[PDB]
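Asker: What follows is coords-v5.txt, made up of compact mmCIF, N, CA and C atoms:
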```
# COMPACT_ATOMS: atom_id res chain seq x y z
N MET A 1 -0.05 17.04 -16.37
CA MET A 1 -0.55 17.07 -14.96
C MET A 1 -0.52 15.65 -14.38
N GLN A 2 -1.45 14.82 -14.78
CA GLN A 2 -1.47 13.43 -14.25
C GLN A 2 -0.23 12.68 -14.73
N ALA A 3 0.32 11.83 -13.90
CA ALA A 3 1.54 11.07 -14.31
C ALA A 3 1.15 10.02 -15.36
N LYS A 4 2.12 9.45 -16.03
CA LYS A 4 1.80 8.42 -17.07
C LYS A 4 2.97 7.44 -17.20
N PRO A 5 3.33 6.79 -16.13
CA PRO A 5 4.45 5.80 -16.14
C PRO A 5 4.09 4.54 -16.93
N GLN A 6 4.78 3.45 -16.71
CA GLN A 6 4.47 2.20 -17.46
C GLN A 6 3.52 1.32 -16.64
N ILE A 7 2.28 1.72 -16.54
CA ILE A 7 1.29 0.90 -15.78
C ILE A 7 0.65 -0.11 -16.76
N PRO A 8 0.88 -1.40 -16.60
CA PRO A 8 0.30 -2.42 -17.53
C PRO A 8 -1.19 -2.68 -17.27
N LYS A 9 -2.01 -2.48 -18.26
CA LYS A 9 -3.47 -2.71 -18.06
C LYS A 9 -3.71 -4.16 -17.65
N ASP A 10 -2.69 -4.98 -17.68
CA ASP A 10 -2.86 -6.40 -17.28
C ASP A 10 -2.92 -6.50 -15.76
N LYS A 11 -4.10 -6.51 -15.20
CA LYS A 11 -4.23 -6.60 -13.72
C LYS A 11 -3.52 -7.85 -13.22
N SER A 12 -3.04 -8.68 -14.12
CA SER A 12 -2.34 -9.94 -13.71
C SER A 12 -0.85 -9.82 -14.05
N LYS A 13 -0.27 -8.66 -13.82
CA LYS A 13 1.19 -8.48 -14.13
C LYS A 13 1.82 -7.59 -13.04
N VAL A 14 2.98 -7.97 -12.57
CA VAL A 14 3.66 -7.17 -11.52
C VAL A 14 3.95 -5.75 -12.02
N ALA A 15 3.41 -4.76 -11.37
CA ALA A 15 3.67 -3.35 -11.79
C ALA A 15 4.82 -2.79 -10.94
N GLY A 16 5.07 -3.41 -9.81
CA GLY A 16 6.18 -2.93 -8.94
C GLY A 16 6.40 -3.94 -7.81
N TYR A 17 7.17 -3.57 -6.81
CA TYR A 17 7.43 -4.52 -5.68
C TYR A 17 7.70 -3.72 -4.40
N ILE A 18 6.99 -4.02 -3.35
CA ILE A 18 7.23 -3.31 -2.06
C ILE A 18 8.22 -4.14 -1.26
N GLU A 19 9.08 -3.52 -0.50
CA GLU A 19 10.09 -4.31 0.28
C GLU A 19 10.37 -3.61 1.61
N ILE A 20 10.26 -4.34 2.70
CA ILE A 20 10.51 -3.74 4.04
C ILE A 20 11.18 -4.80 4.93
N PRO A 21 12.30 -4.50 5.55
CA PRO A 21 12.99 -5.48 6.44
C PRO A 21 12.30 -5.60 7.80
N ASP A 22 11.97 -4.49 8.40
CA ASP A 22 11.29 -4.53 9.73
C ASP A 22 10.10 -5.49 9.66
N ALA A 23 9.56 -5.69 8.48
CA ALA A 23 8.39 -6.61 8.33
C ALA A 23 8.75 -7.74 7.36
N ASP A 24 10.01 -7.83 6.99
CA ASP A 24 10.45 -8.90 6.05
C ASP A 24 9.43 -9.06 4.91
N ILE A 25 8.89 -7.97 4.44
CA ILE A 25 7.88 -8.04 3.34
C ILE A 25 8.58 -7.89 1.99
N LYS A 26 8.07 -8.56 0.99
CA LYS A 26 8.66 -8.49 -0.38
C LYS A 26 7.61 -9.05 -1.34
N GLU A 27 6.64 -8.26 -1.71
CA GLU A 27 5.53 -8.76 -2.58
C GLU A 27 5.27 -7.80 -3.76
N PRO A 28 4.70 -8.30 -4.85
CA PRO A 28 4.37 -7.47 -6.05
C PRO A 28 3.04 -6.72 -5.89
N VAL A 29 2.79 -5.74 -6.73
CA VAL A 29 1.50 -4.96 -6.65
C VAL A 29 0.90 -4.86 -8.06
N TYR A 30 -0.35 -5.24 -8.22
CA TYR A 30 -0.99 -5.16 -9.58
C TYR A 30 -1.65 -3.78 -9.76
N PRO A 31 -1.73 -3.28 -10.97
CA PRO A 31 -2.39 -1.97 -11.25
C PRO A 31 -3.91 -2.12 -11.35
N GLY A 32 -4.63 -1.70 -10.35
CA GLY A 32 -6.11 -1.83 -10.41
C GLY A 32 -6.74 -1.37 -9.10
N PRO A 33 -8.04 -1.50 -9.00
CA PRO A 33 -8.79 -1.11 -7.79
C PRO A 33 -8.67 -2.17 -6.69
N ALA A 34 -8.10 -1.81 -5.58
CA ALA A 34 -7.93 -2.79 -4.46
C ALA A 34 -9.21 -3.63 -4.29
N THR A 35 -9.31 -4.72 -5.01
CA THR A 35 -10.51 -5.61 -4.89
C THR A 35 -10.11 -6.88 -4.12
N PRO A 36 -11.04 -7.52 -3.45
CA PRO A 36 -10.75 -8.76 -2.67
C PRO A 36 -10.43 -9.95 -3.58
N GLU A 37 -11.17 -10.12 -4.63
CA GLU A 37 -10.90 -11.26 -5.55
C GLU A 37 -9.53 -11.09 -6.21
N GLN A 38 -9.03 -9.88 -6.24
CA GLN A 38 -7.70 -9.64 -6.88
C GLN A 38 -6.60 -9.70 -5.82
N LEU A 39 -6.62 -8.82 -4.85
CA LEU A 39 -5.57 -8.84 -3.79
C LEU A 39 -5.36 -10.27 -3.31
N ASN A 40 -6.31 -11.13 -3.56
CA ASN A 40 -6.15 -12.54 -3.13
C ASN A 40 -4.96 -13.11 -3.88
N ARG A 41 -4.67 -12.55 -5.02
CA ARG A 41 -3.51 -13.01 -5.82
C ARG A 41 -2.25 -12.34 -5.27
N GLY A 42 -2.42 -11.28 -4.53
CA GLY A 42 -1.24 -10.57 -3.97
C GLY A 42 -1.64 -9.18 -3.46
N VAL A 43 -0.89 -8.17 -3.85
CA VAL A 43 -1.19 -6.77 -3.40
C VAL A 43 -1.57 -5.92 -4.62
N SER A 44 -2.14 -4.77 -4.40
CA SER A 44 -2.54 -3.89 -5.54
C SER A 44 -2.75 -2.46 -5.03
N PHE A 45 -2.69 -1.48 -5.89
CA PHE A 45 -2.89 -0.08 -5.40
C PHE A 45 -4.26 0.03 -4.74
N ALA A 46 -4.49 1.08 -4.00
CA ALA A 46 -5.81 1.26 -3.33
C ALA A 46 -6.84 1.73 -4.36
N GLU A 47 -6.39 2.31 -5.44
CA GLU A 47 -7.34 2.79 -6.50
C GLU A 47 -6.80 2.46 -7.89
N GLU A 48 -7.68 2.20 -8.82
CA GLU A 48 -7.25 1.85 -10.21
C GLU A 48 -6.52 3.02 -10.88
N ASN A 49 -6.76 4.23 -10.44
CA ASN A 49 -6.09 5.41 -11.08
C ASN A 49 -4.71 5.65 -10.45
N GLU A 50 -4.31 4.81 -9.54
CA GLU A 50 -2.98 4.99 -8.90
C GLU A 50 -1.89 4.79 -9.95
N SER A 51 -0.71 5.26 -9.66
CA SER A 51 0.43 5.11 -10.61
C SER A 51 1.71 4.97 -9.81
N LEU A 52 2.80 4.69 -10.46
CA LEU A 52 4.09 4.53 -9.75
C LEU A 52 4.70 5.92 -9.56
N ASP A 53 3.90 6.95 -9.71
CA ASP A 53 4.43 8.33 -9.55
C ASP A 53 3.37 9.24 -8.94
N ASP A 54 2.22 8.72 -8.60
CA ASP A 54 1.18 9.60 -8.00
C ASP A 54 1.74 10.27 -6.74
N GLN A 55 1.67 11.58 -6.67
CA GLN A 55 2.19 12.31 -5.48
C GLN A 55 1.80 11.57 -4.20
N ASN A 56 0.81 10.73 -4.28
CA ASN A 56 0.38 9.95 -3.08
C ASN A 56 -0.03 8.56 -3.52
N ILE A 57 0.80 7.58 -3.29
CA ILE A 57 0.47 6.19 -3.70
C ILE A 57 -0.16 5.45 -2.51
N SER A 58 -1.37 4.99 -2.68
CA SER A 58 -2.07 4.26 -1.58
C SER A 58 -2.15 2.78 -1.95
N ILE A 59 -1.62 1.91 -1.12
CA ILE A 59 -1.63 0.45 -1.43
C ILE A 59 -2.54 -0.31 -0.46
N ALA A 60 -2.92 -1.50 -0.85
CA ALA A 60 -3.80 -2.35 0.01
C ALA A 60 -3.23 -3.77 -0.01
N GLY A 61 -2.95 -4.34 1.14
CA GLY A 61 -2.37 -5.72 1.17
C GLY A 61 -3.08 -6.58 2.22
N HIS A 62 -3.08 -7.87 2.01
CA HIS A 62 -3.75 -8.80 2.97
C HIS A 62 -2.89 -8.94 4.24
N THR A 63 -3.45 -9.52 5.28
CA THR A 63 -2.67 -9.71 6.54
C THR A 63 -3.24 -10.92 7.30
N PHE A 64 -2.76 -12.10 7.00
CA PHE A 64 -3.28 -13.31 7.70
C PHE A 64 -2.48 -13.53 8.99
N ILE A 65 -3.13 -13.45 10.11
CA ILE A 65 -2.41 -13.65 11.41
C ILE A 65 -1.78 -15.03 11.44
N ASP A 66 -2.37 -15.97 10.76
CA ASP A 66 -1.83 -17.35 10.77
C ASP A 66 -0.74 -17.48 9.72
N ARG A 67 -0.20 -16.38 9.28
CA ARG A 67 0.88 -16.42 8.25
C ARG A 67 1.82 -15.23 8.43
N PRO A 68 2.60 -15.23 9.49
CA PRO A 68 3.57 -14.13 9.80
C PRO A 68 4.55 -13.83 8.65
N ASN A 69 4.23 -14.24 7.45
CA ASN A 69 5.14 -13.97 6.29
C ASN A 69 4.28 -13.82 5.03
N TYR A 70 3.42 -12.84 4.99
CA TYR A 70 2.53 -12.64 3.80
C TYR A 70 2.60 -11.17 3.34
N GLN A 71 1.55 -10.71 2.71
CA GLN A 71 1.53 -9.31 2.19
C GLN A 71 1.63 -8.29 3.33
N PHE A 72 0.50 -7.89 3.87
CA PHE A 72 0.48 -6.86 4.96
C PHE A 72 0.44 -7.53 6.34
N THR A 73 0.72 -8.80 6.42
CA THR A 73 0.67 -9.46 7.76
C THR A 73 1.75 -8.90 8.69
N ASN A 74 2.97 -8.83 8.22
CA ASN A 74 4.08 -8.34 9.10
C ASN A 74 4.14 -6.81 9.12
N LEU A 75 3.55 -6.15 8.16
CA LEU A 75 3.59 -4.66 8.16
C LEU A 75 3.08 -4.14 9.50
N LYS A 76 2.23 -4.88 10.16
CA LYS A 76 1.72 -4.42 11.48
C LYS A 76 2.89 -4.44 12.45
N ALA A 77 3.82 -5.30 12.19
CA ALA A 77 5.02 -5.41 13.05
C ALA A 77 5.91 -4.18 12.84
N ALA A 78 5.81 -3.58 11.69
CA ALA A 78 6.64 -2.37 11.40
C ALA A 78 6.38 -1.30 12.47
N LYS A 79 7.17 -0.26 12.48
CA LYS A 79 6.98 0.83 13.50
C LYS A 79 7.44 2.16 12.90
N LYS A 80 7.13 3.26 13.54
CA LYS A 80 7.54 4.57 12.98
C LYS A 80 9.04 4.55 12.66
N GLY A 81 9.46 5.31 11.69
CA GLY A 81 10.91 5.33 11.32
C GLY A 81 11.21 4.15 10.40
N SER A 82 10.32 3.20 10.33
CA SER A 82 10.53 2.02 9.45
C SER A 82 10.58 2.50 8.00
N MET A 83 11.73 2.49 7.40
CA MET A 83 11.82 2.96 5.99
C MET A 83 11.36 1.84 5.05
N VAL A 84 11.11 2.16 3.80
CA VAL A 84 10.64 1.12 2.84
C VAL A 84 11.27 1.36 1.46
N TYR A 85 11.03 0.48 0.52
CA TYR A 85 11.60 0.64 -0.85
C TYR A 85 10.58 0.19 -1.89
N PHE A 86 10.06 1.11 -2.65
CA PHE A 86 9.05 0.75 -3.70
C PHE A 86 9.79 0.55 -5.02
N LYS A 87 9.76 -0.65 -5.55
CA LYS A 87 10.48 -0.91 -6.83
C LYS A 87 9.57 -0.56 -8.01
N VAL A 88 10.14 0.01 -9.04
CA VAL A 88 9.33 0.39 -10.24
C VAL A 88 10.19 0.23 -11.49
N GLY A 89 9.71 -0.48 -12.47
CA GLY A 89 10.50 -0.67 -13.72
C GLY A 89 11.94 -1.04 -13.37
N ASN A 90 12.88 -0.19 -13.72
CA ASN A 90 14.32 -0.47 -13.42
C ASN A 90 14.86 0.59 -12.45
N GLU A 91 14.20 0.77 -11.33
CA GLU A 91 14.66 1.78 -10.34
C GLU A 91 13.93 1.55 -9.02
N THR A 92 14.53 1.93 -7.91
CA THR A 92 13.87 1.73 -6.58
C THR A 92 13.92 3.03 -5.76
N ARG A 93 12.78 3.49 -5.31
CA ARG A 93 12.73 4.74 -4.48
C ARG A 93 12.68 4.33 -3.00
N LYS A 94 12.76 5.29 -2.11
CA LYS A 94 12.73 4.95 -0.65
C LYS A 94 11.94 6.02 0.12
N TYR A 95 11.39 5.65 1.25
CA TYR A 95 10.61 6.63 2.08
C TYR A 95 10.96 6.43 3.55
N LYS A 96 10.40 7.24 4.42
CA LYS A 96 10.70 7.10 5.88
C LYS A 96 9.41 7.32 6.68
N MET A 97 8.89 6.28 7.29
CA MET A 97 7.64 6.43 8.08
C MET A 97 7.78 7.63 9.03
N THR A 98 6.78 8.46 9.11
CA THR A 98 6.85 9.64 10.02
C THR A 98 5.45 10.06 10.47
N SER A 99 4.47 9.19 10.35
CA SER A 99 3.10 9.58 10.79
C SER A 99 2.20 8.35 10.79
N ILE A 100 2.19 7.65 11.88
CA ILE A 100 1.35 6.43 11.97
C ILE A 100 -0.09 6.84 12.30
N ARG A 101 -1.06 6.24 11.65
CA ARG A 101 -2.50 6.59 11.91
C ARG A 101 -3.28 5.32 12.28
N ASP A 102 -2.67 4.17 12.13
CA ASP A 102 -3.37 2.89 12.48
C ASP A 102 -4.13 3.05 13.80
N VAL A 103 -3.80 4.05 14.57
CA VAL A 103 -4.52 4.26 15.86
C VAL A 103 -6.01 4.46 15.55
N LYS A 104 -6.54 5.63 15.76
CA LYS A 104 -7.97 5.84 15.43
C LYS A 104 -8.07 5.83 13.90
N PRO A 105 -9.04 5.15 13.33
CA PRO A 105 -9.16 5.09 11.84
C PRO A 105 -9.59 6.43 11.23
N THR A 106 -10.41 7.17 11.92
CA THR A 106 -10.87 8.48 11.38
C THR A 106 -9.83 9.56 11.71
N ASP A 107 -8.89 9.79 10.83
CA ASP A 107 -7.84 10.83 11.09
C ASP A 107 -7.64 11.65 9.81
N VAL A 108 -7.09 12.83 9.93
CA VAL A 108 -6.87 13.67 8.72
C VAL A 108 -5.82 13.03 7.82
N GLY A 109 -5.93 11.75 7.57
CA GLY A 109 -4.93 11.07 6.70
C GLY A 109 -5.51 9.74 6.20
N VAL A 110 -6.77 9.71 5.88
CA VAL A 110 -7.37 8.45 5.37
C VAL A 110 -6.73 8.15 4.02
N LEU A 111 -6.33 9.18 3.33
CA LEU A 111 -5.66 9.01 2.01
C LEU A 111 -4.52 10.02 1.91
N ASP A 112 -4.67 11.18 2.51
CA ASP A 112 -3.59 12.20 2.45
C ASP A 112 -3.11 12.34 1.01
N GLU A 113 -4.02 12.35 0.08
CA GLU A 113 -3.67 12.48 -1.37
C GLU A 113 -4.23 13.81 -1.86
N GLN A 114 -4.99 14.43 -1.02
CA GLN A 114 -5.61 15.75 -1.37
C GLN A 114 -4.84 16.84 -0.67
N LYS A 115 -3.96 16.46 0.20
CA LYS A 115 -3.15 17.47 0.93
C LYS A 115 -2.26 18.20 -0.08
N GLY A 116 -1.16 18.76 0.35
CA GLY A 116 -0.28 19.48 -0.61
C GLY A 116 1.15 19.54 -0.06
N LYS A 117 1.62 18.46 0.50
CA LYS A 117 3.01 18.45 1.06
C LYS A 117 3.98 17.87 0.01
N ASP A 118 4.67 16.81 0.35
CA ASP A 118 5.63 16.18 -0.61
C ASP A 118 5.19 14.76 -0.90
N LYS A 119 5.79 14.11 -1.87
CA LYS A 119 5.41 12.70 -2.20
C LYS A 119 5.13 11.94 -0.90
N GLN A 120 4.27 10.97 -0.94
CA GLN A 120 3.93 10.24 0.31
C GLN A 120 3.45 8.83 -0.02
N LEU A 121 3.54 7.94 0.93
CA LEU A 121 3.11 6.52 0.72
C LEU A 121 2.03 6.16 1.74
N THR A 122 0.79 6.06 1.32
CA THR A 122 -0.29 5.70 2.29
C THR A 122 -0.46 4.18 2.31
N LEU A 123 -0.43 3.59 3.48
CA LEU A 123 -0.55 2.10 3.58
C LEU A 123 -1.96 1.72 4.06
N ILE A 124 -2.48 0.61 3.57
CA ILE A 124 -3.85 0.16 3.98
C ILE A 124 -3.87 -1.37 4.11
N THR A 125 -4.54 -1.90 5.10
CA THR A 125 -4.61 -3.39 5.26
C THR A 125 -5.92 -3.89 4.62
N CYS A 126 -6.04 -5.17 4.41
CA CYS A 126 -7.29 -5.71 3.79
C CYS A 126 -7.55 -7.13 4.30
N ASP A 127 -8.46 -7.30 5.22
CA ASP A 127 -8.76 -8.66 5.75
C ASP A 127 -10.17 -8.68 6.32
N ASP A 128 -10.84 -9.80 6.23
CA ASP A 128 -12.23 -9.89 6.76
C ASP A 128 -13.10 -8.88 6.02
N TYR A 129 -13.16 -8.97 4.73
CA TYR A 129 -13.99 -7.99 3.97
C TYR A 129 -15.46 -8.14 4.38
N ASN A 130 -16.05 -7.09 4.92
CA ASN A 130 -17.48 -7.19 5.36
C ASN A 130 -18.40 -6.94 4.15
N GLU A 131 -19.36 -7.81 3.95
CA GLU A 131 -20.30 -7.64 2.80
C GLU A 131 -21.48 -6.78 3.25
N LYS A 132 -21.42 -6.27 4.45
CA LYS A 132 -22.53 -5.41 4.95
C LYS A 132 -22.50 -4.08 4.21
N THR A 133 -21.43 -3.34 4.36
CA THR A 133 -21.31 -2.02 3.67
C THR A 133 -20.44 -2.18 2.43
N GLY A 134 -19.94 -3.36 2.18
CA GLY A 134 -19.08 -3.57 0.99
C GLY A 134 -17.74 -2.85 1.20
N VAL A 135 -17.12 -3.07 2.32
CA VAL A 135 -15.81 -2.40 2.61
C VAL A 135 -14.94 -3.32 3.45
N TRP A 136 -13.68 -3.00 3.60
CA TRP A 136 -12.80 -3.86 4.43
C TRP A 136 -13.15 -3.62 5.89
N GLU A 137 -13.69 -4.62 6.56
CA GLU A 137 -14.08 -4.45 7.99
C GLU A 137 -13.03 -3.62 8.74
N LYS A 138 -11.92 -4.21 9.09
CA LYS A 138 -10.86 -3.44 9.79
C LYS A 138 -10.00 -2.73 8.75
N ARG A 139 -9.43 -1.60 9.09
CA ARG A 139 -8.60 -0.86 8.09
C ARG A 139 -7.51 -0.05 8.80
N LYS A 140 -6.44 -0.68 9.20
CA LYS A 140 -5.35 0.09 9.86
C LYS A 140 -4.60 0.86 8.76
N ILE A 141 -4.07 2.01 9.08
CA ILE A 141 -3.35 2.82 8.04
C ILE A 141 -2.04 3.37 8.60
N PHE A 142 -1.09 3.53 7.73
CA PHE A 142 0.24 4.08 8.12
C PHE A 142 0.73 4.94 6.95
N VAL A 143 1.41 6.03 7.20
CA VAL A 143 1.87 6.90 6.07
C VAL A 143 3.31 7.37 6.30
N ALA A 144 4.03 7.56 5.21
CA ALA A 144 5.45 8.01 5.29
C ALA A 144 5.64 9.19 4.33
N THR A 145 6.84 9.71 4.22
CA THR A 145 7.08 10.85 3.30
C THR A 145 8.50 10.77 2.74
N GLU A 146 8.70 11.24 1.54
CA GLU A 146 10.06 11.18 0.94
C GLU A 146 11.06 11.79 1.92
N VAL A 147 12.25 11.24 1.97
CA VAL A 147 13.28 11.78 2.91
C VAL A 147 14.13 12.84 2.19
N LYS A 148 15.35 13.02 2.61
CA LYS A 148 16.23 14.04 1.95
C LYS A 148 17.09 13.35 0.90
```
Rewrite the coordinates I just gave you, this time as structure tokens.
Answerer:
Amino acid sequence: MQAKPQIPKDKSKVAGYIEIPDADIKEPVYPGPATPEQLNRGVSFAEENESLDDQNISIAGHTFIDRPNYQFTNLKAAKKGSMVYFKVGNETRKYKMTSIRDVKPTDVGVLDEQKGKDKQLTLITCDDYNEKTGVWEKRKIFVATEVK
């Protein structure tokens, strides 16, 4: 049932690589719970139980406005139809944006991992972590789905 790819328990080791031209993004992702002290080293899945095969992979990346060339900084520049390429071990898959939610944050797609459609890539930003509720203050989201 649950997938079991080559996820290295070393939260300090590249588990894959996201790549997008519309946002000139090209950064690694560590296997673990999207934490601030960690994503500071780069990007990481949104949950520690994520895998390179979870029917729904949710990622979290930083976005410094004063750095138009970082993790999730340019992803905001991306737009619907913006395809992407998730690298894993010795192979690269691809997706096609088809449902932007960065608009209102409360939408039937905060994770879209409980739905039942086809493989999907949920995107999440991480900046200005608020210590009030212990969550990422702002949280824009974008989702895509496997193509043909």
Asker: Counting only N, CA and C atoms, figure out which residue out of A:129, A:145, A:95, A:70 gets nearest to residue 36 in chain A.
Answerer: A:129
Asker: Could you pull the residues within 6 Å of residue 72 in chain A, counting all atoms listed in the file, minus those fewer than 3 positions along the same chain, as a PyMOL selection string?
Answerer: chain A and resi 61-64+75-76
Asker: When you count only C-alpha atoms, which of these residues is closest to residue 87 in chain A: A:52, A:144, A:60, A:43?
Answerer: A:52
Asker: Between A:123, A:15, A:65, A:34, single out the one closest to residue 89 in chain A, counting all atoms listed in the file.
Answerer: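 Smallest separation from residue 89 in chain A among the options: A:15.
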Asker: Please extract the residues of chain A with a backbone DSSP assignment of alpha helix (DSSP H) and present them as a PyMOL selection string.
Answerer: chain A and resi 36-39
Asker: DSSP on the backbone: what in chain A comes out strand (DSSP E), as a compact mmCIF listing (two decimals) with N, CA and C atoms, keeping the file's coordinate frame?
Answerer:
```txt
# COMPACT_ATOMS: atom_id res chain seq x y z
N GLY A 16 5.07 -3.41 -9.81
CA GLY A 16 6.18 -2.93 -8.94
C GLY A 16 6.40 -3.94 -7.81
N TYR A 17 7.17 -3.57 -6.81
CA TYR A 17 7.43 -4.52 -5.68
C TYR A 17 7.70 -3.72 -4.40
N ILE A 18 6.99 -4.02 -3.35
CA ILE A 18 7.23 -3.31 -2.06
C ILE A 18 8.22 -4.14 -1.26
N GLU A 19 9.08 -3.52 -0.50
CA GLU A 19 10.09 -4.31 0.28
C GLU A 19 10.37 -3.61 1.61
N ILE A 20 10.26 -4.34 2.70
CA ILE A 20 10.51 -3.74 4.04
C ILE A 20 11.18 -4.80 4.93
N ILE A 25 8.89 -7.97 4.44
CA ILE A 25 7.88 -8.04 3.34
C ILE A 25 8.58 -7.89 1.99
N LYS A 26 8.07 -8.56 0.99
CA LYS A 26 8.66 -8.49 -0.38
C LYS A 26 7.61 -9.05 -1.34
N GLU A 27 6.64 -8.26 -1.71
CA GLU A 27 5.53 -8.76 -2.58
C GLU A 27 5.27 -7.80 -3.76
N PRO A 28 4.70 -8.30 -4.85
CA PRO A 28 4.37 -7.47 -6.05
C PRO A 28 3.04 -6.72 -5.89
N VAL A 29 2.79 -5.74 -6.73
CA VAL A 29 1.50 -4.96 -6.65
C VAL A 29 0.90 -4.86 -8.06
N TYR A 30 -0.35 -5.24 -8.22
CA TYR A 30 -0.99 -5.16 -9.58
C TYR A 30 -1.65 -3.78 -9.76
N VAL A 43 -0.89 -8.17 -3.85
CA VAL A 43 -1.19 -6.77 -3.40
C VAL A 43 -1.57 -5.92 -4.62
N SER A 44 -2.14 -4.77 -4.40
CA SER A 44 -2.54 -3.89 -5.54
C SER A 44 -2.75 -2.46 -5.03
N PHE A 45 -2.69 -1.48 -5.89
CA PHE A 45 -2.89 -0.08 -5.40
C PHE A 45 -4.26 0.03 -4.74
N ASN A 56 0.81 10.73 -4.28
CA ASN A 56 0.38 9.95 -3.08
C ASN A 56 -0.03 8.56 -3.52
N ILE A 57 0.80 7.58 -3.29
CA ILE A 57 0.47 6.19 -3.70
C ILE A 57 -0.16 5.45 -2.51
N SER A 58 -1.37 4.99 -2.68
CA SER A 58 -2.07 4.26 -1.58
C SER A 58 -2.15 2.78 -1.95
N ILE A 59 -1.62 1.91 -1.12
CA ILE A 59 -1.63 0.45 -1.43
C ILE A 59 -2.54 -0.31 -0.46
N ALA A 60 -2.92 -1.50 -0.85
CA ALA A 60 -3.80 -2.35 0.01
C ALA A 60 -3.23 -3.77 -0.01
N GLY A 61 -2.95 -4.34 1.14
CA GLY A 61 -2.37 -5.72 1.17
C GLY A 61 -3.08 -6.58 2.22
N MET A 83 11.73 2.49 7.40
CA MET A 83 11.82 2.96 5.99
C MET A 83 11.36 1.84 5.05
N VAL A 84 11.11 2.16 3.80
CA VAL A 84 10.64 1.12 2.84
C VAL A 84 11.27 1.36 1.46
N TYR A 85 11.03 0.48 0.52
CA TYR A 85 11.60 0.64 -0.85
C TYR A 85 10.58 0.19 -1.89
N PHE A 86 10.06 1.11 -2.65
CA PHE A 86 9.05 0.75 -3.70
C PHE A 86 9.79 0.55 -5.02
N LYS A 87 9.76 -0.65 -5.55
CA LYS A 87 10.48 -0.91 -6.83
C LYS A 87 9.57 -0.56 -8.01
N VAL A 88 10.14 0.01 -9.04
CA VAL A 88 9.33 0.39 -10.24
C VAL A 88 10.19 0.23 -11.49
N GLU A 91 14.20 0.77 -11.33
CA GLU A 91 14.66 1.78 -10.34
C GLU A 91 13.93 1.55 -9.02
N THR A 92 14.53 1.93 -7.91
CA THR A 92 13.87 1.73 -6.58
C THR A 92 13.92 3.03 -5.76
N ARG A 93 12.78 3.49 -5.31
CA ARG A 93 12.73 4.74 -4.48
C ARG A 93 12.68 4.33 -3.00
N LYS A 94 12.76 5.29 -2.11
CA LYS A 94 12.73 4.95 -0.65
C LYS A 94 11.94 6.02 0.12
N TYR A 95 11.39 5.65 1.25
CA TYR A 95 10.61 6.63 2.08
C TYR A 95 10.96 6.43 3.55
N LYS A 96 10.40 7.24 4.42
CA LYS A 96 10.70 7.10 5.88
C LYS A 96 9.41 7.32 6.68
N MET A 97 8.89 6.28 7.29
CA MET A 97 7.64 6.43 8.08
C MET A 97 7.78 7.63 9.03
N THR A 98 6.78 8.46 9.11
CA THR A 98 6.85 9.64 10.02
C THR A 98 5.45 10.06 10.47
N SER A 99 4.47 9.19 10.35
CA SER A 99 3.10 9.58 10.79
C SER A 99 2.20 8.35 10.79
N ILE A 100 2.19 7.65 11.88
CA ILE A 100 1.35 6.43 11.97
C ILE A 100 -0.09 6.84 12.30
N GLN A 120 4.27 10.97 -0.94
CA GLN A 120 3.93 10.24 0.31
C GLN A 120 3.45 8.83 -0.02
N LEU A 121 3.54 7.94 0.93
CA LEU A 121 3.11 6.52 0.72
C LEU A 121 2.03 6.16 1.74
N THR A 122 0.79 6.06 1.32
CA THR A 122 -0.29 5.70 2.29
C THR A 122 -0.46 4.18 2.31
N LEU A 123 -0.43 3.59 3.48
CA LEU A 123 -0.55 2.10 3.58
C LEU A 123 -1.96 1.72 4.06
N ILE A 124 -2.48 0.61 3.57
CA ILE A 124 -3.85 0.16 3.98
C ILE A 124 -3.87 -1.37 4.11
N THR A 125 -4.54 -1.90 5.10
CA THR A 125 -4.61 -3.39 5.26
C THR A 125 -5.92 -3.89 4.62
N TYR A 129 -13.16 -8.97 4.73
CA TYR A 129 -13.99 -7.99 3.97
C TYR A 129 -15.46 -8.14 4.38
N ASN A 130 -16.05 -7.09 4.92
CA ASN A 130 -17.48 -7.19 5.36
C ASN A 130 -18.40 -6.94 4.15
N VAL A 135 -17.12 -3.07 2.32
CA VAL A 135 -15.81 -2.40 2.61
C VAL A 135 -14.94 -3.32 3.45
N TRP A 136 -13.68 -3.00 3.60
CA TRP A 136 -12.80 -3.86 4.43
C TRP A 136 -13.15 -3.62 5.89
N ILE A 141 -4.07 2.01 9.08
CA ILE A 141 -3.35 2.82 8.04
C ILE A 141 -2.04 3.37 8.60
N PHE A 142 -1.09 3.53 7.73
CA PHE A 142 0.24 4.08 8.12
C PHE A 142 0.73 4.94 6.95
N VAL A 143 1.41 6.03 7.20
CA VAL A 143 1.87 6.90 6.07
C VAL A 143 3.31 7.37 6.30
N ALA A 144 4.03 7.56 5.21
CA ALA A 144 5.45 8.01 5.29
C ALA A 144 5.64 9.19 4.33
N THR A 145 6.84 9.71 4.22
CA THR A 145 7.08 10.85 3.30
C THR A 145 8.50 10.77 2.74
```
Asker: Padding of 6 Å on every side, edges along x, y and z, all listed atoms of range 61-73 of chain A included: what centre and edge lengths in Å, to one decimal, does that box have, as AutoDock Vina command-line options?
Answerer:
```
--center_x 0.7 --center_y -10.9 --center_z 6.3 --size_x 20.9 --size_y 25.1 --size_z 22.3
```
Asker: Under the rule that only C-alpha atoms are counted, which of A:103, A:20, A:97, A:111 is the nearest residue to residue 138 in chain A?
Answerer: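 Closest residue, counting only C-alpha atoms: A:103.
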